[PDB]
Every structure is written in structure tokens, then in C-alpha cells.
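Visitor: Would you mind keeping the following structure in view while I ask a few things?
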Amino acid sequence: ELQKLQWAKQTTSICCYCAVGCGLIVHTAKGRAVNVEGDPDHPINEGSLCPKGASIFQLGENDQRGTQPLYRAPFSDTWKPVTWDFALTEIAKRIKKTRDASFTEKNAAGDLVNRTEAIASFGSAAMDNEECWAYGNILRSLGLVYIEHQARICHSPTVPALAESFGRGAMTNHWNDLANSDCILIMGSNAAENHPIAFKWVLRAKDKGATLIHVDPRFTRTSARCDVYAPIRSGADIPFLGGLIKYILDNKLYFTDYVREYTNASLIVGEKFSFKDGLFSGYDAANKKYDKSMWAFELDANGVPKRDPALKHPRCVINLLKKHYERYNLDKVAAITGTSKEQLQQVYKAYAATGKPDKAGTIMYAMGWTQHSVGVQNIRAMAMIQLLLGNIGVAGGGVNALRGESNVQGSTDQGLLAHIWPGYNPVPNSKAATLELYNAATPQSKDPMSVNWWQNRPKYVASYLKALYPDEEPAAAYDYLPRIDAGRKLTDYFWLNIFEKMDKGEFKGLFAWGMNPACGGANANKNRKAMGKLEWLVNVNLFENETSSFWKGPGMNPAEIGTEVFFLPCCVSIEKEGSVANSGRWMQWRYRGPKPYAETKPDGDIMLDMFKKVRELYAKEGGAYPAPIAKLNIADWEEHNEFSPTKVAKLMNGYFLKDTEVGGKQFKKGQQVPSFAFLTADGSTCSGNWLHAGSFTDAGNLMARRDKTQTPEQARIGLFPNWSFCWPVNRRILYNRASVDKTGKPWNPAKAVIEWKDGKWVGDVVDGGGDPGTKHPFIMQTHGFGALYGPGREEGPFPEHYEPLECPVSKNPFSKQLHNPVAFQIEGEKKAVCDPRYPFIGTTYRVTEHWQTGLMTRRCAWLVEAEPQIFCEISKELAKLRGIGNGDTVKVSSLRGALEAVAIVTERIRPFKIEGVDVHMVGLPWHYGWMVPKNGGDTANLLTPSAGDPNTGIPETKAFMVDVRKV
Amino acid sequence: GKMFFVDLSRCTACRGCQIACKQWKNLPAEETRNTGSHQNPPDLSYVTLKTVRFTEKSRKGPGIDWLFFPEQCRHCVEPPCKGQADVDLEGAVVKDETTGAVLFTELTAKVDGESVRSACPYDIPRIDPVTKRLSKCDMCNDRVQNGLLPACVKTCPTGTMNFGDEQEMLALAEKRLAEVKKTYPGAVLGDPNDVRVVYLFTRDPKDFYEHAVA
Ligand SMILES: Nc1nc2c(c(=O)[nH]1)N[C@H]1C(S)=C(S)[C@@H](COP(=O)(O)OP(=O)(O)OC[C@H]3O[C@@H](n4cnc5c(=O)[nH]c(N)nc54)[C@H](O)[C@@H]3O)O[C@H]1N2
Ligand SMILES: Nc1nc2c(c(=O)[nH]1)N[C@H]1C(S)=C(S)[C@@H](COP(=O)(O)OP(=O)(O)OC[C@H]3O[C@@H](n4cnc5c(=O)[nH]c(N)nc54)[C@H](O)[C@@H]3O)O[C@H]1N2
Ligand code: SF4
Ligand code: SF4
Ligand code: SF4
Ligand code: SF4
Ligand SMILES: [S]
Ligand SMILES: [W+6]
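Chains as they are written, first to last, in PDB author numbering: chain A, 36 to 65, 69 to 1005; chain B, 2 to 215.
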């Protein structure tokens, strides 16, 4: 017997760090955790953990962690340990008061909005799926519109980028499936450091003949294990990708039958579409926007976009595609990327080889592509390349957008963003006066092969309103939830504008709930100051941090700060029950190992007790529009005067509120909805999230399944369909109808995802019901096609190269437009465009050993041991030019701030040859903050600009300009 | 006896093994600072039984050869560390005949620590400056005797770390070397007939670390 584990209880958990979703085993003293290591039975990690997962014991049994809630009275220099009862009652008062004062029944136009604009909320992908959904509905029942989290400043561009392209915003395949690839391109990702267990499956791909390619400004621990490494200048992705489009078309490396049948190659674009010198048609200079109606397809009499299946018509998408990317020749791409013409051709040849029907190429990307003013268009370009090579829907193919936090997929799914309810049903605008007008926005299709599954939205919105308000008719309950103004850009309600408004005193109360915006928000100085102008900041986190203690950071004085900061110390993942949705949409149940530390509790128990006291206060006192608060179905969340993850999960899935007949099947009242297929609009069904419909059925909790048993067909691509549950309805690989010909025969029989026979689909769950060749394969698309031409995006239906808002070149070689013509910027804010003061490319990125702002990992001695201080990675050429020695203290400065870092001088960074001139970069980690540890350093976000993508408002944290100088 | 096969052609220097060693044993963290490298702790010590060494070798064209060496006791088949310690006091260094683990006891405090270290071809032993006890990798001998993998082997996501019986691992080592040569033609096994920690190097073992091989 091993002494250490002899007297302890063994439970399963899921890692609280990255979205790989590795299994843990927690040994608990029969009652604190004595050991935490990997779960050898988990099909993703097989017992493996990176240093973050391997150190979860040091996090969970940490002596720097929050015991009992602290209260900071205004202008104070210190905390005071208060009780649960004080903390939740006083806060429930503060919410009620601030709401009552600023609650808007009708807007300036006279339209019903029923919202509070004085309260904002940030967070959090760190919370369980059950808690995330509860939190959003609580904030919305309180009338909040300014509801954001990690997703905004992470993969927010991925959602519209892939939804435009394929009809869903999620990672198309999953981790296990990478092993099936013939060519793995890792670009705008450092997967070996930031999704380490992913390289188990990347290396298994290579074992079976796959070529591994890393394209990155820096040579990384990923690059060390790849067959081909190529450098790329930060912000130069579209040139590279536009170059590969041209390359594929010229050399006829596209998958012809796939392109003709399954993409919108054949659709006829209207005559009003044009592009000249970096501007598409319909450009409005005065309002920094485009008239998208100029980009509309030519429609037949039935309203179905016209098609030329011979692909000969000059306004066919494929022919307009050839025309747009003809300017992206090897000489010009080389000149603007810094990537040699030889390496472009090497990478182009290797990846375009997967255009072959029985060969699969996949892309692994994350913040390298998203954190740009062209974030959406970066991703669009690669989605278009995958459609040309027929890599969407196939095993070892797809677009593997690597999600960040353990449950950022989940937290996005639960609509903790300003523009979406749970299940990607949009937040109503002021002109959606009724539920019928809301549903009327959903585009219809008169193509008999187009499934157009979003036509089912009325059933999901009605079942959602039933989940929240089960005694009200949906049409009635619709009036309770707040609405944004139709007149505004969406980006007015997003992160960067929420902090600009906070910096004008337009907010009273912020919830920094499982986020550290003092270090995690771009342009951190602005944020730290702006937060001074809150009347009450609430912070729910594991440790005291830079956010919860902003009032004393580099130059902060309680002499001039009046924020009633409340600090509510929460449980860690291993002390909590619930689910977390990983990058592949795998919804994984985890259990309580230890009891909670120092009388602290889960967010679900916090927020439910907190809101309950509001529900009680409004039952006693008066106050503005109290109907949304009183009527909330909250008893369905509970079992023993505490949050019931198990019951909240069953509500999300949903159950019949009465006896119903749906899809030629009889259902009894009270029993669970077996899939979103059986939801109704008439109030017969509730469902907190239609995506969760089928996750928790009568059969039990499918998220809790630990079954690695597969069929032969499933086993040769590693679907593991019996392990946990993935939305939608256990479709492990999205768009899998595209993996077969119109007879139902796999393109790659060796690696088949689905196969037709016995009049049914075998293997993965078919993504869209119907016999072979009777439906278009992208069921969530209006027209049913993979969109090469995507006219829904803010800056055009094709990706076009625009330099970062702070760039090292003065002239775009592709057009007369230097920057994104509709880019999100704030009026006044400065930009170093070839400024002599800031001549070097600035970028921020991660190391394996630290997590996010480092709030969690800067408290863990073993991770500080490995990476104790902020560093600054520079080439030998730049080190020479600035007289910097390896290990020297350097000062890195931008227009927005400056910091000190240890210089890592390395051959892993080299000059970028941009227009015959050598351009130098400065790399920084953003894992550090003033609070801990000693000499650790501050956030790199002191340097980062508060501008970026016009679609999603993601800040440009991967490409700006800086100076570096020796101290 | 037992054997590790360490395929460095698969190592991403994640340092999962470095943290996993300290977590299992509940070892303290060293005081460290960045001096222009990701390597930390910079060396093995009384409290650090495994550290991943980072070495950058210049290469013809873009990128480098980045060489990662998760260093540990080789648990030698005929350990010279025991030969030297036994000169001063038998029972300071002992051998498990079932597993093949070479184990330092607290009696090492009463032998010539400097001599025992110098006796190591791989420069593995480290002395506690206060108590003069010798510490290194103990092969997680307790886990192995209880039918578990060593903490650093179980944690490794890439397939770099492999563990099992001598015959099984030597066979795996020979088979893997043949496959790895197709990508890394200059690949070699480290002292495969002398040690129970058999490293596969992608090139000159000495480029990984000056004491990588004897
Ligand atoms: N170890 C670790 N793992 C993590 C996290 C962590 O903090 N630490 N956090 C998680 C989260 S929240 C997320 S979203 C993911 C993100 O994971 P990644 O996206 O891998 O994270 P980064 O290191 O920020 O960026 C990846 C790479 O982008 C490169 N890059 C920079 N600018 C550009 C550019 O303009 N173009 C291209 N093509 N590449 C560029 C950088 O050099 C870097 O190597 O990681 C997750 N996992
Ligand atoms: N310059 C630059 N800035 C960046 C990035 C970049 O690449 N470059 N990356 C961006 C990205 S992708 C992201 S995701 C954001 C992340 O930015 P933040 O979300 O602000 O980062 P952290 O707060 O460090 O990490 C999440 C928090 O979750 C908390 N937490 C853990 N478990 C729980 C729990 O059970 N409950 C609660 N309530 N909290 C919990 C942790 O303590 C931690 O503070 O930063 C962005 N910022
Ligand atoms: S951080 Fe990611 S890769 Fe590392 S153990 Fe956790 S889930 Fe796995
Ligand atoms: S855990 Fe494996 S891959 Fe990571 S550093 Fe150690 S040996 Fe290398
Ligand atoms: S590597 Fe050194 S310390 Fe370890 S068994 Fe061999 S001689 Fe002894
Ligand atoms: S075998 Fe055990 S003691 Fe040796 S390095 Fe690995 S985890 Fe540490
Ligand atoms: S994230
Ligand atoms: W993220």
C-alpha cells in the first residue's frame, strides 16, 4: 500500500485550466485533498497532465487562498472579514438600489427595453456550465445588457467567422480526431505549450505519416517537434492565406466535386458586388460601415440564390474568388509576411496536397489569428481554404479553433456575451417589440435540399422563456428580458466600450466575477483608473488579486478612491460538482473530491443565495419593474437550500411542462426532453439551452458517461461517442454529411466519419437527417452551403489584407487602404503607425507553466519556480542594434504604458524582411501582475491597444508597436 | 528489473514531469530568477530530482534545433555511486533486486558526499548543505512496487516517457530508434547496456547536456 493514498477517497474530476478537458483523480482525506494526478481511463489525456494540471494540488491546498468574504468600505486601506449573511444581504441591497435608480422601461425612441445600463458584469469561463447559465439569467432578470466574459477577448471572432462559413461557431472536430490527419498546420497557435495533451494526438498523426507544420513569428516548443517551421510577421496572416487560395486555384489542387456540390462556388453574386483598391461596394466613410445589401446573391423567382453548376458564369462565387486573390502572388506575399518564397511554396505544396479526396488537412489556431482588427477575416480565409480542399466534415480535417478556458465553450453557449442568449439565440434589439417580430428575423429558405435548421428557433426561444418563466406564456415572459438599441453598432455593448464608458463614470457597479480585468483587459492602465469610478465592485475569485485591489497598484491612492469593493472567495474545481464543455463540445461531469476550503463555497451557491435575498427584498420593499425577478423558476435549481448542479443541468436539457405529442411520438408530463428535435413553441416544453437537449434525458446524465467502447467504424477515428456527451445531439464531427459523396460513400473509407446502409447512417451521429444526396450538408446555413463568399461580415465577403492599427509599414502593397476601413477604435486614442518612438512589432503570448493573468499560477510555487519573472524575447540582430545582453533588464514601452522585463536573446526570433527592410519584433508574456510574486513584474496589457475587430470588438493584443531599451 | 525508455524526439519540454515529481513527493520549490532562459531550476539540487534542460543549437535556415533533456538518475545496472559510498559505510546506497532501483538512504550524510557525486558518470547526486544527505530520483520505487507508473512517466502526454520490464523496454527502444531515424537520422540510444533510464537523443547526446552519456 502507498502511505500517501492509504486513508483517502478516490473521485474523478476535469482539469480547471485549458479546454483539452484532461481527466484527473483526486485522493481526498476521509477532509482535504492529499493527491491530484491524471485519470488513466480518460480517452483524451490517458493519465497525462502538463505542469498546470499536475500542480492542481498546490492550487487547491494553497495557504494564500481566500478564507471568508472580505469587505472594503470606501476610501479604506484594508479588508475586514465579514460573514456569508452580511456579504450577500448588503450586495443584494446595492444591486436593488442601483437598478431602481437607472432602470429604463422605454428608450429615447419610445421602444420597450426594460434594462439597467448602470451595471456591467465580466465573467466567467472558469465557472461550471450549470453556474454560467444561472449567472446570465440572474443578470438578465436584473435587466443587465452589459454581460461579457473571456470569450469577447478570446475566440469571439471564431463564432461569426465559422458561422458565416459553416453555420456554427464551434471547433468542427475534437482532440482525439487530430491523430487521423495527413497534414497538421499549426498557425496562430502554440499548441505544444497552450494545449499540451493535444500533442499526444498530433504526434500520433505523425507516427502514421502526417506532416506537422508550425507557422509562427517565434520558434517555440511546438516548432521543435514539427517537420516544417516558417516565420510569419504578426498581422500578416491574410497575405499568407490569400497566397494559398491563389496557389490552390492556379495549380488546380481544389477538391472539384466537393467545391461544386457542398460549397457556394456555383452561386451567382448580384451585379452590385464590386471591390477596388481595398474597398468593397457600399462603403459609408462618414459612419465607418458598409451597406451589405450591395453584396446580396442573385435570387431566382422562389428567392433561392441562382446557381451555375458548370461554374462558368462570371459572377459565380468561385470565379469572383479567383479574381480577388489573383493579387496574392508569391513575390508580394513574401514581401509583406517576411516568410521566404521557398518556405511559402514548401508549406503551400504540403497542405494543398490534402485537396486529394482520401487525404485530410486540419488547421489548429487560437489567439494568433483571433486577437487582430482582421480576426474574423483571418479565420474566414482558412475556412475558405478548408472548403476548397474539401477538409470540412472529414476525420483529420476541419477547423480546430482551440478554445481557451475549461468551460469557455460552455460559458459562450450560456450567452455570457452582450449580443446572445443561451444557445446563440440573439439578445432582442429595441425594434423586436414582440416574440413574433423576434422570430421573423430568422431567414427562411425555399430550396427543398436546404434543411435551414434555425427555422426551429421559435421552439428554442419559447422553451427557454418557459425554463425561466414557466407560469407565463412565452409571448408574455418575452417582455421581462432586457433589449439593446437597434440604432447602435453591437460593439457599443462589448468589453472595450464598457471600459471607455466606465472611464466616463457611466457605470455604478461592476461584477469582476472569475476574471482579472486589471491584468486581462487590453490597455490595462485605462481599466485600472476607470475602475476607480465604480460606486461598488464585486469580485468572486480564489485569491486576492490585482482587480480586487486595483485601489493601491502602481500609483493608486485610497486618498482619491471611493469603491465599496466586496470580495467573495469561491471554491476550486475539485471542491465542486457540475459540467464543463471542452473545445470539442464534450460536456464532462466532475464530482466533489474534498469539501470546500475555509468556509468558502461554489459560485452557484453564492449567486443563488445572493439573488434569493434580492427576490426577498423586492417581496418586502417596492422598486422598479420587479416582475422579471419575482417570477424566475429558481426552485428547479435547488435541492437542500443550495445550488443543485444536477437539477440545473436537467432544466438546461429541459422537460415537458405538460403531456405532449411531438414528431409522431407520445411524451408524458414531467419527463426529460430526449433531443432539441422534440422541443415545441406552444409552451409544452421548457429547455434552458436547446444545445443541452439530449445531454440529461430519462436514460440519465449522458455527460457522466465514462464508456470508451466503440464500434470498428468509430474506433478507427476515435469518436468515443459513449464518453460524456457533446452538442449537438452527440455529433462529434460537425458537417459530417460533407465527408461522403451524394450516394453516402465516404471520400476516405479508411477514416470514414459516417457511412450509409440498412437505410441508416453508421459511425458518428449524422449532422442532419435525410437519405444520401437529398440535403445540402451545412444544415445551420440558410442556403445549406459552405460559404467561400460570406456577405454577413462587417468588412466584406472575402478576406483582404489590412495592416494592424499599429504597424511597421506605411503603404499596403495590396490596396490604398492601409488599415481595416470599419475597424473598432475609440475617438482620441493614439496609434503608432511607423512612429519613430516605437519602431518594433509588439506581440503578447503564453508559456506552458502559467495560466492567463497568472492570478492562479503566480500563487503556485512550482510554476513560479519554472517561470518566476516577466521576460522579453528578442532576436540576436535586435539585441545587437539596441546593445542588449542575454539576461539584462530592458524597458518595453508603447503609447499607453511601459514595464521592466528580463531579456531572453534567442535565435528563435529573427528579423522580418518586409519590403527589402528588416523589421524587428518584441515578444512579451502577459502572465504577470504587481501583486505576486516578488520581482515577478506587471501585466503586458499596459502596452496593448483598446482597438480591434469591427465584428466582435476583440482587442489587437497580438500585433501593435513598442520600443525596447536597456536599463 | 524495470527500465525507462525516454524518447526525446517526442518531448515538448512541457515540464509536466518536473512538476509531477515535486507534487508526488511534496518537495519544496527553489528560489529562482530568469537570467535569459526558460530553464529553471537551472540545475538539479537537494530539493529538485528532475529539471528539464533547454539548449539552442544554430541550424542552416529558419528556426533552431531546440534540445530538451528531462534529467534524472540513470539507476545504473552496476552503480558506481554505491561502489564509492560502500567504501565509507554500507547501507548509505542500496539496490532493489526486484525493480533495479538505486536508492540513497539518510546514512549518505555519514559518507563522503563529494566522492559519491564524482563517482557518478552522469553528475546526478546533490548534497543537502545543512544535513549533508545525498538526494536524487528514487525511480518512484514505492509506486513501482505498488504496481503504479512513476509520477513523471504517467504525467507525460507525448509518449516521450515509457516504463516497464527490461526486455520490453530494450525491444521498444530498438523498434522506436528505427522509426525515429526516418525523421532524425543522427538518433542514438544513451548507454543502453549500462543504465535503466535509456534516453533516445535526436542527435549528439552532448548537445542535450555535457553529462547526457558517460
Ligand atoms: N500554458 C497555457 N495554456 C493555455 C493558457 C495559458 O494561459 N497558458 N490559456 C488558454 C487560453 S484562455 C487560450 S485562448 C489559449 C490560447 O492559446 P494560443 O493561441 O496558443 O496562445 P498564445 O501563446 O497567446 O498565441 C499562440 C502563438 O501566436 C503567435 N502569434 C503572435 N502574433 C501572431 C500573428 O499575428 N499571427 C500568427 N499566425 N501567430 C501569431 C505567438 O508567437 C504564439 O506562439 O491557450 C489556453 N491554454
Ligand atoms: N495581451 C494579451 N492579453 C490577453 C490575452 C493575450 O493573449 N494577450 N489573452 C486573452 C484571453 S484568450 C483571455 S481568456 C483573457 C483571460 O483574462 P481573465 O479571465 O481576466 O484571466 P484570469 O482572471 O487570470 O483567469 C480566469 C480567472 O478564473 C478564476 N477562477 C478559477 N476557478 C474559478 C471558479 O471556480 N470560480 C470563479 N469565479 N473564478 C474562478 C481564476 O482565479 C482566474 O482569476 O485574457 C485576454 N488577455
Ligand atoms: S492545462 Fe490543458 S493540457 Fe494541461 S492538464 Fe489541464 S486540460 Fe490537460
Ligand atoms: S512530461 Fe514528457 S513531454 Fe513534458 S517535458 Fe517531461 S518528458 Fe518532455
Ligand atoms: S546515475 Fe549516478 S547516482 Fe544514479 S545510479 Fe548511476 S551512478 Fe548512481
Ligand atoms: S521516477 Fe519518480 S523520483 Fe524519478 S524523476 Fe520521475 S517522478 Fe521524480
Ligand atoms: S478563453
Ligand atoms: W482565452
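The beta carbon of each residue, even a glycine, is placed where N, CA and C say it ideally should be.
Starting from the C-beta of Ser-853/A, find all residues in its chain whose C-beta is less than 6 Å away, skip the five residues before and the five after it, and write them out in chain order.
Guide: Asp-315 and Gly-316
Visitor: Measure from the C-beta of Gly-925/A to each C-beta in chain B and report whether the shortest distance is under 7 Å.
Guide: Closer than 7 Å: yes.
Visitor: I'd like to know whether the C-beta of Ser-261/A is nearer than 7 Å to at least one C-beta of chain B.
Guide: yes
Visitor: Cβ closer than 8 Å: which chain A residues qualify as neighbours of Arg-34/B?
Guide: Within chain A, the residues near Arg-34/B are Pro-906, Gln-907, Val-940 and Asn-973.
Visitor: Pairs of beta-carbons, one from the segment 64-81 of chain B and one from the segment 252-266 of chain A, closer than 8 Å: are there three or more?
Guide: The answer is yes - the segment 252-266 of chain A touches the segment 64-81 of chain B, with three or more Cβ pairs under 8 Å.
Visitor: What is the DSSP secondary structure of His-252/A, counted as helix, strand or coil?
Guide: strand
Visitor: Check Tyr-462/A in the structure and name its three-state DSSP category.
Guide: helix
Visitor: Check whether the Cβ of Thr-891/A lies closer than 6 Å to any heavy atom of ligand 2, and answer yes or no.
Guide: Because some heavy atom of ligand 2 lies under 6 Å away, the Cβ of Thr-891/A counts as near it: yes.
Visitor: Should the segment 398-417 of chain A be regarded as contacting the segment 213-222 of chain A, the criterion being three or more beta carbon pairs within less than 8 Å?
Guide: yes
Visitor: List the residues of chain A whose Cβ lies closer than 8 Å to the Cβ of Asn-41/B, in chain order.
Guide: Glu-903, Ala-904, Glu-905 and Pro-906
Visitor: Any heavy atom of ligand 3 within a distance shorter than 6 Å of the CB on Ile-94/A?
Guide: no
Visitor: Where does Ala-556/A sit, in a helix, a strand or coil, going by DSSP?
Guide: helix
Visitor: As an exercise, report each continuous alpha helix (DSSP H) stretch of at least 4 residues that is fully enclosed by the segment 616-673 of chain A, in chain order.
Guide: 641-658 and 665-668
Visitor: Opposite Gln-710/A in the DSSP bridges: which residues?
Guide: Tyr-693/A
Visitor: Taking 7 Å as the cut-off, decide whether the C-beta atoms of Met-165/A and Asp-873/A are in contact.
Guide: No, the pair does not count as a contact, with Cβ atoms beyond the cut-off.
Visitor: Can you give me the start and stop residues for the beta strand (DSSP E) that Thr-927/A sits inside?
Guide: 927-931
Visitor: Any C-beta of chain B sitting closer than 7 Å to the C-beta of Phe-257/A?
Guide: yes
Visitor: Whose C-beta lies closer than 7 Å to the C-beta of residue 68/A among residues of the same chain, with five residues either side of it excluded?
Guide: Because chain A is numbered 65 and then 69 with no intervening positions, residue 68/A cannot be located in this model.
Visitor: Any heavy atom of ligand 3 closer than 6 Å to the beta-carbon of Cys-88/A?
Guide: yes
Visitor: Report the option in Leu-717/A, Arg-769/A and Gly-428/A whose CA atom is closest to the CA atom of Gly-692/A.
Guide: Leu-717/A
Visitor: Would you say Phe-237/A faces chain B, with C-beta separation under 7 Å as the test?
Guide: yes
Visitor: Under 7 Å, Cβ to Cβ, is there at least one residue of chain A near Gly-2/B?
Guide: no
Visitor: Using only alpha-carbon positions, find the residue among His-965/A, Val-297/A and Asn-679/A that is nearest to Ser-777/A.
Guide: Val-297/A
Visitor: For the segment 196-265 of chain A, which segments carrying the beta strand (DSSP E) assignment without a break, of at least 3 residues, lie completely within its bounds, in sequence order?
Guide: 221-225 and 249-253
Visitor: DSSP puts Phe-335/A in a beta bridge; with which residues?
Guide: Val-307/A
Visitor: Give a single yes or no on whether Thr-132/B has its beta carbon closer than 6 Å to a heavy atom of ligand 2.
Guide: no
Visitor: Would you mind working out which of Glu-155/A, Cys-53/A and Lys-134/A sits nearest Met-540/A, comparing C-alpha positions?
Guide: The residue with the shortest Cα to Cα distance from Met-540/A is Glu-155/A.
Visitor: For a cutoff of 7 Å on Cβ pairs, would you count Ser-272/A as touching chain B?
Guide: no
Visitor: Quick one: what's residue 66/A bridged to in DSSP?
Guide: Since the model of chain A passes from 65 to 69 in one step, residue 66/A is not part of what is shown.
Visitor: Do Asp-451/A and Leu-200/A have their CB atoms nearer than 7 Å?
Guide: no
Visitor: Counting only C-beta atoms, is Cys-15/B closer than 7 Å to chain A at any point?
Guide: yes
Visitor: Please classify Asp-509/A: is it buried, with 16 or more other beta-carbons within 10 angstroms of its beta-carbon, or exposed?
Guide: Around the beta carbon of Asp-509/A, a 10 Å sphere encloses fewer than 16 other beta carbons of the protein chains shown; the residue is thus reported as exposed.
Visitor: Does ligand 6 have a heavy atom nearer than 6 Å to the CB of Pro-151/B?
Guide: For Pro-151/B, the shortest separation between its Cβ and any heavy atom of ligand 6 lies below 6 Å.
Visitor: Identify the residues that DSSP records as bridge partners of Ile-879/A: which are they?
Guide: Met-959/A and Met-999/A
Visitor: Mind checking the segment 90-101 of chain A against chain B and listing, in chain order, the residues whose C-beta falls within less than 9 Å of any C-beta there?
Guide: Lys-90, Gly-91, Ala-92, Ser-93, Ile-94, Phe-95 and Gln-96
Visitor: Quick one: list the residues of chain B neighbouring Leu-241/A, beta-carbon separation under 8 Å, in chain order.
Guide: Residues of chain B with a Cβ closer than 8 Å to the Cβ of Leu-241/A are, in chain order, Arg-11, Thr-159 and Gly-160.
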